[PDB]
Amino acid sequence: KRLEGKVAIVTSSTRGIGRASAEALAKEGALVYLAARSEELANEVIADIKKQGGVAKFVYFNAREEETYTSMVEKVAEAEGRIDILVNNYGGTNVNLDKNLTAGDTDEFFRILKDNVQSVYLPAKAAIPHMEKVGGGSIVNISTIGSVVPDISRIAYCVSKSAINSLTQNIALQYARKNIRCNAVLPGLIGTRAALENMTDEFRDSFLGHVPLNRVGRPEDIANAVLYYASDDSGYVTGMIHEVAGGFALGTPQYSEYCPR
């Protein structure tokens, strides 16, 4: 199996994209750390992964306590003696306050900007020395299709994720000599709790209509890209901006009227 003997860390992995990513890595033989705030929920995912024949473990991560970005990484390295894979999946925004430039909350914009960007910067920074020691690694950053598709709202989300794509590419260039790769996966609309709970039915219905492949995404879709980038199957690939959004915003905005679902 592809990741036999490798150690991976996935943040925010007790549900949705994070959990699917952890499951996919564990199926291919990685020892997967669920870096998550809830040990009780993590233990359920772990038992489920073990049932499928894989090994996963828990390490505490809370985005509200930024120190845990580094401590999570150091705990894993101490316990396993190596770190091979890091998947940075934490991210979000405040739909109540993250609007357009003028209507959005100024302070919250900069809170969101730092919160998302640091969720890549801090753990990547801590993990790199351990990855260097074992002769390489892969860092996979979950961005969003909004990072390359300017919008009319959620400006802090869009800009901060675009910043993550940039940071991905700079990290990739800076540690290529150490065989450390860095790539970004940009999901579109995926049928997780986050989208279903924060975006109204009419928003998601409108959005779906502009998705050429004509369905809502699954967490597995994202996980499968994460697996590609995590493994040596993408060993010659670094700095990629990888779109997993059913072709959303690929072409003309006339698409939905001329190709109606």
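Residues carry their position along the shown sequence, with the first being 1.
Higher mean CA temperature factor, per the PDB entry, when comparing 70 to 78 with 146 to 154: 70 to 78.
Legend: mean Cα B-factor per stretch from the PDB entry, 137 to 145 versus 91 to 99; the higher mean is in 91 to 99. Taking the PDB entry at face value, the top CA B factor among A223, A26, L213, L196 belongs to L196.
Reading the B-factor column for the CA atoms of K178, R111, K161, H130 in the entry, the top value corresponds to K178. Per the deposited record, the Cα B-factor of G104 falls in the middle third when ranked against the other modelled residues of its chain. In the deposited entry, the Cα temperature factor of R19 sits in the middle third of values across the chain's modelled residues.
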